[PDB]
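Data block below; observations after.
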Amino acid sequence: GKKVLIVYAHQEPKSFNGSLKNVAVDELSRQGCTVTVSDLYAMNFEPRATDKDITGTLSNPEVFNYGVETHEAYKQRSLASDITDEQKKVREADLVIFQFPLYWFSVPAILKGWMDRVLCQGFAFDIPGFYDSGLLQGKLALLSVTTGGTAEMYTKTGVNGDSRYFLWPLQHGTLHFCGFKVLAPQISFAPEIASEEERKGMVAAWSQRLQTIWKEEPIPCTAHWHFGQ
Amino acid sequence: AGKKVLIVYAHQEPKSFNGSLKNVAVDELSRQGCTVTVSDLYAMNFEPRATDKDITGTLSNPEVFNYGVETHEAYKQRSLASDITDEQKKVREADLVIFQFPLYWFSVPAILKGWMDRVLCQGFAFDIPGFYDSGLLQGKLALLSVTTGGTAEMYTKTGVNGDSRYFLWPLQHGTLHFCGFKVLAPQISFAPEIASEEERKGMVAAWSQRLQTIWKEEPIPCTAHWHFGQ
Ligand SMILES: Cc1cc2nc3c(=O)[nH]c(=O)nc-3n(C[C@H](O)[C@H](O)[C@H](O)COP(=O)(O)OP(=O)(O)OC[C@H]3O[C@@H](n4cnc5c(N)ncnc54)[C@H](O)[C@@H]3O)c2cc1C
Ligand SMILES: Cc1cc2nc3c(=O)[nH]c(=O)nc-3n(C[C@H](O)[C@H](O)[C@H](O)COP(=O)(O)OP(=O)(O)OC[C@H]3O[C@@H](n4cnc5c(N)ncnc54)[C@H](O)[C@@H]3O)c2cc1C
Ligand SMILES: COc1ccc(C2=Nc3ccc(OC)cc3C2=O)cc1
Ligand SMILES: COc1ccc(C2=Nc3ccc(OC)cc3C2=O)cc1
Ligand SMILES: [Zn+2]
Ligand SMILES: [Zn+2]
């Protein structure tokens, strides 16, 4: 049996991102996987890291330190319910798929907020430890991203540089840090420019890849993979 | 001529190390006679989510909502939400934009990511074409003032986090350079939580000292070579 969490960040159900999320739900559901979707915009997910994330009284109510307060609230089971609901979905998942349009070579702020607030100290990592000692060890993560820019722009000699360059903070700094094994990203380049046929072909390539997702090996999530030859 | 500075600040606590770096920036630039504005994102309860609430008028396509298309059209028509246009006015007037923030997941905190997503809209910060050296914010300077949990040693080529320049790429190149900003060398204050009282005071004083000569600095070559070598 396999459990999948899809963290989805798009405002429009009829969008290309919406179609990629729906095809993921359809394919994984067909296989018999347990599937859950966290539709961040539909949930009006709170992205700001604030004192509202801790219930009851604070460890130090005179000087607010977000990381210290959330770490202590995690251990004392005093985190806001919106955070703990996401943590329960992550804890149960074997695979976490992030479905999003690229915003400023990164995730939209609503999804950045999910990472900031859900992946807290004590839950996803400790100080120490992280990376191979990360608390989410054994889990798989996959970034499914759509861009405005073409594939040619996202090349070593392209104006945007190699697409692997923008993946570093997400794949290494976040996912690998928490102990996830990272599967090769799914990048759907410039669907807004692409024809109806090319767009259908991009969602079919995603559905086809999902058919054998459990047979995939993770990438070596290293500086060499992201920046070297 | 008189210089205008916008500080986009993202920390919940005024007594924080970030708070002290922002205050020292305000003090030093104010002493020099600069015009200074601070956008304190958490105190403003700044909306980070990119939604249909960011447009006030008739949507260009109300059946299929496309955020970038809708905000581009709303910018041109002057139907964007007032919280966005208030920030755009601060950016338009600034000669230098300083971003003061703790590093969150090798990036900006989500509240600041939201400022970038919503404020730097098509028509205002860039156009297609009209990006990188043709960006609409050409002539402006930007500077990232970052604090980390990780030590300087961790942020080296052979360190567990890799070179600090690696995480700067989406912010400096993908965002600031793309909008036409000339990027000044980042200010990175490594691990203030671990550092002694003397080392902490030293990092604050190095920032204050650097600001004394900020108008004499040249921007970095914001290229893949500067960030990644080889
Ligand atoms: C704040 C902001 C920052 C951005 N920063 C960047 C950046 O740094 N780099 C970059 O490259 N881009 C950037 N972009 C662009 C952004 O990444 C793209 O606009 C986005 O990825 C397009 O994906 P979408 O799902 O929204 O496309 P859509 O506009 O929803 O999809 C395109 C078309 O596909 C159609 N479609 C939907 N489902 C299907 C289907 N099943 N079969 C066929 N066609 C279908 C839709 O009807 C539509 O006509 C940014 C945009 C914004 C708003
Ligand atoms: C969601 C999240 C994600 C994170 N991700 C990362 C990551 O990817 N990488 C990473 O490296 N770190 C990460 N961190 C850690 C974070 O970057 C640091 O905690 C932060 O940079 C510390 O800065 P601060 O202002 O909060 O420090 P503080 O805790 O406020 O400051 C440390 C000390 O400095 C003192 N101080 C304040 N002002 C002065 C002054 N004027 N003179 C002397 N001492 C002073 C304070 O009193 C305190 O004792 C993450 C944290 C969170 C919450
Ligand atoms: C054929 O030439 C093209 C096609 C698409 C784009 C892009 N559309 C975008 C839309 C929005 C963004 O936000 C920063 C960034 C981008 C691009 O880079 C640029 C050039
Ligand atoms: C040898 O001493 C240290 C001290 C602090 C840290 C760090 N604190 C942090 C706090 C929160 C984070 O979020 C991912 C990331 C980090 C670090 O990397 C790492 C090693
Ligand atoms: Zn890695
Ligand atoms: Zn650049």
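Residue numbering for chain B follows Swiss-Prot, covering 2-231 in order.
Even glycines carry a Cβ here, placed using N, Cα and C.
Its Cβ taken as reference, B:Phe107 (FAD binding site) is surrounded by 25 other Cβ atoms within 10 Å in the chains shown. The feature FAD binding site is assigned by Swiss-Prot to B:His12, B:18-21, B:104-107, B:148-151, B:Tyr156, B:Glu194, B:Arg201, with experimental evidence given as support.
In the three-state DSSP assignment, the secondary structure recorded for B:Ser80 (phosphoserine) is coil. Long-range Cβ contacts of B:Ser80 (phosphoserine) within its own chain (separation 6+, distance under 8 Å): B:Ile56, B:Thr57, B:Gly58. The feature phosphoserine is assigned by Swiss-Prot to B:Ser80 (among others), with a large-scale study or a structure entry given as support.
For B:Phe127, B:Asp128, B:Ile129, the entry in Swiss-Prot reads substrate binding site. Secondary structure at B:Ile129 (substrate binding site), as computed by DSSP, is coil. Note on B:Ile129 (substrate binding site): other Cβ atoms within 10 Å of its Cβ, all shown chains, come to 10.
According to Swiss-Prot, the feature Zn(2+) binding site maps to B:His174, B:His178, B:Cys223. Non-local neighbourhood of B:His174 (Zn(2+) binding site): B:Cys223, B:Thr224, B:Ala225, B:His228, each in the same chain, at least six residues away, with C-beta under 8 Å from its C-beta.
Non-local contacts of B:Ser197 (phosphoserine) by the CB criterion (under 8 A, 6+ apart in sequence, same chain) are absent. For B:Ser197 (among others), the entry in Swiss-Prot reads phosphoserine, with the evidence type a large-scale study or a structure entry.
In the structure shown, across all protein chains, B:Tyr105 is the one of the binding-site residues B:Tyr105, B:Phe127 with the greatest number of other Cβ atoms within 10 Å. Other Cβ atoms within 10 Å of the Cβ of B:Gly151 (FAD binding site), summed over all protein chains shown, number 19. Using the Cβ center of B:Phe127, B:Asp128, B:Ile129 for substrate, the list of other same-chain residues with Cβ within 8 Å runs, in sequence order, B:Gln123, B:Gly124, B:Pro130, B:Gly131, B:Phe132, B:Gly136, B:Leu137.
DSSP assigns B:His12 (FAD binding site) to coil in the three-state reduction, placing it in neither a helix nor a strand. Under 8 Å, Cβ to Cβ, and six or more positions away along its own chain, B:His12 (FAD binding site) finds B:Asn19, B:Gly20, B:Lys23, B:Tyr43, B:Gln101, B:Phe102, B:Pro103.
Closeness to ligand 6 is met by B:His174, B:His178, these being the binding-site residues among B:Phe127, B:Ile129, B:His174, B:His178 whose Cβ falls under 6 Å from the molecule.
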